[PDB]
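Before any questions on how it binds or moves, here is one chain, the form deposited without the DNA, in structure tokens.
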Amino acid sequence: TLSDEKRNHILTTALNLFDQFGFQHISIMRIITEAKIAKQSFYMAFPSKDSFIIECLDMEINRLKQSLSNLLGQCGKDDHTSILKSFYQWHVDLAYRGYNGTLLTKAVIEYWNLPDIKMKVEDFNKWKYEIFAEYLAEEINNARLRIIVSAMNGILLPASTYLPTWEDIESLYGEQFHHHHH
């Protein structure tokens, strides 16, 4: 049977393939040849190509959740500026890291025919708003939260331009009237 190191290696090899060529271009046999595994090892682990791709999407989502969770958790308690700057930089870094769009966006585009994929990606975007709101919903009203999170999601649109800067976002934050009544 198959070690878990090798199973996870097939998943992470494919993810690297998909990130740079997209899902359509890449077959099972291409994945098998890139990952240097026996064809029979793939099918011991994965019953179908679409089952595999759902497993890849789920590991990409977990990795983004863990990256962002950790970044926001490194900030000091109630250092809301540092949390907001971390959230901004996390999006800029994801967008600047051969980027033609995120892997999750590619999956939603490519798999209109598998409605669980769009729901998984919606669930992650809902999670990403909410962890931000958890750190900041007492310092930032709902309207500004919605604007800021959607402005960060616009940074992830491929070929996005005229990007908001950190200084732009810090102004949105600091202008808030409750910041000026003490």
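Note that residue numbering begins at 1 and tracks the sequence as displayed.
Going from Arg97 to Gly98, the model skips 1 to 3 deposited residues, which lack coordinates.
Relative to its counterpart among 59-67 and 42-50, 42-50 has the higher mean temperature factor, C-alpha atoms as listed in the PDB entry. When the C-alpha B-factors of 148-156 and 133-141 are averaged, 133-141 comes out higher. Among all modelled residues in this chain, the alpha-carbon of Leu172 has a temperature factor (C-alpha) in the highest third. In the deposited entry, the Cα temperature factor of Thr161 places it in the middle third of its chain's modelled residues. When the CA B factors of the chain's modelled residues are split into thirds, the value for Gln20 lands in the highest one. Per the PDB record, residue ranking by Cα B-factor puts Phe87 in the lowest third of the chain.
Ranked by C-alpha B-factor against the other modelled residues of its chain, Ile31 falls in the middle third.
The following text describes the form deposited with the DNA bound, which does not appear among the structures shown.
Highlighted residues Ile61, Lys118 and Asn125: none comes within 4.5 Å of the DNA in the entry with it bound, counting any heavy atom. Taking the partner from elsewhere, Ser69 is found to have every heavy atom lying beyond 4.5 Å of the DNA in the entry with it bound. Proximity of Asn153 to the DNA in the entry with it bound falls outside the 4.5 Å heavy atom cutoff. When contacts are judged by a 4.5 Å heavy atom cut-off, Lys65 does not count as touching the DNA in the entry with it bound. The DNA in the entry with it bound comes within 4.5 Å of a heavy atom belonging to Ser27. Figure note: of the listed segments 153-161, 125-133, 42-50, 140-148, the one touching the DNA in the entry with it bound, with heavy atoms no more than 4.5 Å away, is 42-50. Shown here without the DNA, the chain has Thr1, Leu2, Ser3, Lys6 in 1-18 lying with a heavy atom within 4.5 Å of that partner in the entry with it bound.
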